[PDB]
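Fold the following.
(chains A, B, C, D, E, F, G and H, ligands or ions: 3)
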Amino acid sequence: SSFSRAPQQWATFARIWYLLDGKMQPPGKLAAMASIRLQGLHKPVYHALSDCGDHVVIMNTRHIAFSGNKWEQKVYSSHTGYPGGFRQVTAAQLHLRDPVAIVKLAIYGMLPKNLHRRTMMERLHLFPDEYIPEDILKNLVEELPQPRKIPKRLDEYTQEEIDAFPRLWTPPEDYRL
Amino acid sequence: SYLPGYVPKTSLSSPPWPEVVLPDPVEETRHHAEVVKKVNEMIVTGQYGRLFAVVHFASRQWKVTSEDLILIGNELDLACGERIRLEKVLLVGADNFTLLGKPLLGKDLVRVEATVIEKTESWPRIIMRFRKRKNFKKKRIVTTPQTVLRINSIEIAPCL
Amino acid sequence: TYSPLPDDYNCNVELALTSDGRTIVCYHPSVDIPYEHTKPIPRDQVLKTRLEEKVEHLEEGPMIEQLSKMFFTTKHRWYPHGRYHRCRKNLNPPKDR
Amino acid sequence: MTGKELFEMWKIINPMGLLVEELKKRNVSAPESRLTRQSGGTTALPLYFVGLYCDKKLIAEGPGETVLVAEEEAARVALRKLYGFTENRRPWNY
Amino acid sequence: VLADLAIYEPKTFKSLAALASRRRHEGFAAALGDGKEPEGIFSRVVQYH
Amino acid sequence: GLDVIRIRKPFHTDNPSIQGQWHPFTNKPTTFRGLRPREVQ
Amino acid sequence: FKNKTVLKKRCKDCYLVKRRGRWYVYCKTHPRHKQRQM
RNA sequence: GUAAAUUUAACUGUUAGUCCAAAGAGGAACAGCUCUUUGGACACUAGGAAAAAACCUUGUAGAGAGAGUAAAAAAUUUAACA
Ligand SMILES: [Mg+2]
Ligand SMILES: [Mg+2]
Ligand SMILES: [Zn+2]
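Numbers count the residues shown, from 1 in each chain, chains lettered A, B, ... in the order given. Ligands and ions are numbered 1, 2, ... in the order given. Below is the structure in question.
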């Protein structure tokens, strides 16, 4: 590259601000890819001692989607250590109280359990809705693609495809429906 | 008229991955010929600089360049400062082109020239074995022989 | 019309096989950023313009929180270390290339 | 002189001045600096890749922590390319 | 050396990734064809004796 | 004359890259006018 | 209601309904037949 | 197919034993229970089953910033009846 040594080092080890969207995405897949980016495992110069994490800015965290009945099954447990500090809240209740807590907890769980985890969480940025602070928006690079594909409700189908899909059966003329 | 086997377009009527069609063999072969000729004329003209190679040596694979140093973990039956030819070149490349062996490139195509410049010993290595409550304790000190080779030159020839 | 990978971010990769079939030739010239894809470079009447040299001394706490906010870290990196570690550090480290 | 950079051996002050002089003396339009790549910008650790173009043709690129130092580095890269003392150049023949 | 190329020789590594992707596509094509179509340009095996 | 002590990295090259050392913007596509994600322009 | 593992119809007016994820035997004429799957 | 065996000479040390599989006995067709037999392993290495004696993979010793593998990750969601 014929760069000078110091600018070359700076370019190689610079931090990148990635953008990620919630909005009908699974918190787990969001957390997996965000954790990869935060650890810096996506870089080929990666090493645990090289401090090569990147900033991850996740938005619409209020609009995540859980598969199955996870909203009512999944229980988050904590303990304020005073006798009886054991609290357990379903995913619905936790989401209602804090709109970013679920994604934050998922990323925290997926991060490696060492002393760099809190630094990585410090580089992670979460926002419940469309609004993003201007400095962060001016820092952003590379909105990453969403893991899920948003299956496109029936009323969102166009007439061309509606009529291109064949009709499967012939109803009787005398059925009330 | 629907063909006997037509599936209406559903989410999983077709594989999720995109359909890929490979180039036809004849046109593709002529394309390979043109590409190889272009790289060959690049080599003939000399439109390259600072070659690098991946070379098999002493059971190891080394990515070397000219003016390089490597440390081989054994003696090599060579006097100091002796020029030898490294031959088992898995890969040679430069900017804008690289040549891949299957698995080795022809010796008419590339030469690696190196020079034995040092014959030394490693720093002492400690082998200590210990098993507790059984009085088990052994200590050994070893010094593996070593050879420092300087990669002098990587040369390619027009032979594609 | 078939390319193994998208051909627009690092280099224009062209794979080839020699006639004998014994070696593979790869042609990879760099891809240059388009000028169109770039972006332009961003841009007291009576007295001296006295240089505005104020340096408020922050006590250790608020100081460390300001540094941690600035660099997106925690406070532990900024808290100091003892003489044992300070002397154990190598002040003449080996330096290759 | 084996393994050092051109501007590590021969110190220069204004690479942009030297570069524009060389382009003028070989009849090339003056280079235009543009922000090819940018990361951060509001933080304390930004990355700026500034490219030098001539007639809308990229002649050089350089990274930096500030736009000005990135532009200076791009000027140095252009000088290295023009004088041929580049990193990937053909090594010396002994 | 694969990691060394990924870090220091990015264009060569992209060439390698392209070759591997092409070999994977040729494998998919042969598997779907299931007949006796030509083996494929980069699927050819150099034999030693 | 060098010391017989531990030698890191049993290879020493001074020109480790010829195609340019990897930086995060290698293998990264450029965009129209270099617009940032979700930029209102 | 009485908790049962095996629900049985004791009347011809008894009917099985699955509510709240559990099966129930409801009888409007003989409310003593109310049964809850456990 | 293999390379050990028997004898002669000279002695020490071990002779308070555990799990697993199998055939039994006692006991509750209890026990990380007790008692025999056959065979492993442990009382020696390394990998796996979360940690790990006894389960599974593997043995003969060093250096290597190479490579091929062994064992090796649990699956399941149920009640209409003329
Ligand atoms: Mg017992
Ligand atoms: Mg062995
Ligand atoms: Zn009833």
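
What strand or helix carries the most centrally placed residue in chain E?
For chain E, residue E:23 is the residue whose C-alpha lies nearest the centre (CA atoms, centre = their mean; 3.1 Å). Assigned by DSSP states H and E, residue E:23 belongs to helix E:10-33.

Residues contacting that helix, please?
The contact list for helix E:10-33 (CB atoms under 8 Å, 6 or more residues apart in numbering or on different chains) reads B:20, B:22, B:91, B:93, B:95-96, B:98, B:100, C:4-5, C:10-11, C:13, C:15, C:24, C:26, C:28, C:30, E:2, E:5-6, E:37, E:39-43, F:19-20, F:22, F:26-27. In short, each C-beta sits where N, CA and C put it, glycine included.

Could you list which of those residues belong to strands?
Among the contacts of helix E:10-33, DSSP state E puts B:91, B:93, B:96, B:98, B:100, C:15, C:24, C:26, C:28 in strands.

and which of those residues is nearest to ligand 3?
Minimum distance to ligand 3 across the ones in strands among the contacts of helix E:10-33 is 79.0 Å, recorded for residue C:15 (CB to the ion).

For the nearest residue to residue B:35 once chain neighbours are set aside, give the beta-bridge partners.
Ranked by CB to CB, 6 or more residues apart in numbering or on different chains and with sequence neighbours excluded, the top spatial neighbour of residue B:35 is residue C:16, at 3.9 Å. In this entry, residue C:16 is beta-bridged to residue C:25, by DSSP bridges.

Now, of the contacts of helix E:10-33, which are buried?
Among the contacts of helix E:10-33, those scoring as buried are B:91, B:93, B:95-96, B:98, B:100, C:4-5, C:10-11, C:13, C:15, C:24, C:26, C:28, E:5-6, E:40-42, F:19-20, F:22, F:26-27 (criterion: 16 or more other CB atoms under 10 Å in any protein chain shown).

ok, and the residue most central in space within chain A, which helix or strand is that part of?
The structure's chain A has its C-alpha centroid closest to residue A:30; by CA atoms, centre = their mean the separation is 2.9 Å. Here residue A:30, judged by DSSP H and E, is contained in helix A:27-39.

cool, residue A:19 as well?
Element membership of residue A:19, judged by DSSP H and E, is strand A:17-21.

From the contact counts, what lies against that strand?
Under the contact criterion of 3 or more CB pairs under 8 Å, 6 or more residues apart in numbering or on different chains; DSSP states H and E, strand A:17-21 touches helix A:27-39, strand A:55-59.

and the first one with strand A:17-21, angle?
Right, helix A:27-39. With axes from the mean of the first three to the mean of the last three CA atoms, to 10 degrees defining the directions, helix A:27-39 sits at 180 degrees from strand A:17-21.

quick one: contacts for the residue of chain E positioned farthest from its centre?
Centroid-distance maximum for chain E: residue E:49 at 23.1 Å, with CA atoms, centre = their mean. When the contact criterion is CB under 8 Å, 6+ apart, residue E:49 has no partners at all.

what about the closest residue to residue B:157 other than its chain neighbours, distance to residue E:11?
Of all residues not flanking residue B:157 in the chain, residue B:109 sits nearest, at 6.0 Å (CB to CB, 6+ apart). Using CB to CB, to the nearest Å, residue B:109 is found at 20 Å from residue E:11.

With neighbour numbers in mind, choose between these two.
Comparing residue B:109 with residue E:11 by other CB atoms under 10 Å in any protein chain shown, the one with more neighbours is residue E:11, at 27 against 20.

how about the residue nearest to residue B:99 when sequence neighbours are not counted, what does it touch?
Once flanking residues are discounted, residue B:99 sits nearest to residue B:92: 5.0 Å by CB to CB, 6+ apart. The neighbourhood of residue B:92, defined by CB under 8 Å, 6+ apart, consists of B:51, B:52, B:53, B:54, B:98, B:99, B:105, B:109, B:110, B:154, B:156.

residues of the helix or strand containing residue B:30 that come out buried?
Using DSSP H and E, residue B:30 maps to helix B:25-45. The neighbour-count check on helix B:25-45 (16+ other CB under 10 Å) flags B:28, B:32, B:35, B:36, B:38, B:39, B:40, B:42, B:43 as buried.

Quick check: the fourth one touching residue C:14?
By that I understand residue B:36. No - using CB atoms under 8 Å, residue B:36 is not in contact with residue C:14; the gap is 10.1 Å.

and the spatially closest residue to residue D:63 that is not a sequence neighbour, how many neighbours?
Counting by CB to CB, 6+ apart, residue A:11 is the residue found nearest to residue D:63 once chain neighbours are left out, at 3.8 Å. For residue A:11, the count of nearby residues is 28 (other CB under 10 Å).

same question, residue A:68
If we define neighbours as other CB under 10 Å, then residue A:68 has 8 of them.

Give me the three-state assignment for it.
Here residue A:68 is recorded as coil under DSSP: H, G, I helix; E, B strand; the rest coil.

What are the phi and psi values at it?
Dihedral pair for residue A:68: phi 60, psi -150, per degrees, to the nearest 10.

now residue C:60
Torsion angles, degrees, to the nearest 10, at residue C:60: phi -50, psi -40.

What is the burial count for it?
For residue C:60, using other CB under 10 Å, the count is 11.

mind listing the strands in chain F by residue range?
Counting by DSSP E, the strands of chain F are F:11-12.

Can you name the residues of it sitting close to chain A?
F:17, F:20, F:21, F:22, F:23, F:24, F:25, F:28, F:36, F:37, F:38, F:39 (CB under 8 Å from any CB of the partner chain).

just checking, the third one touches residue A:12?
This points to residue F:21. Yes - taking contacts as CB under 8 Å, residue F:21 lies within contact range of residue A:12: 6.0 Å.

What is the nearest of the contacts of residue B:92 to residue A:159?
Distance ranking of the contacts of residue B:92 against residue A:159, using CB to CB, places residue B:98 first at 52.6 Å.
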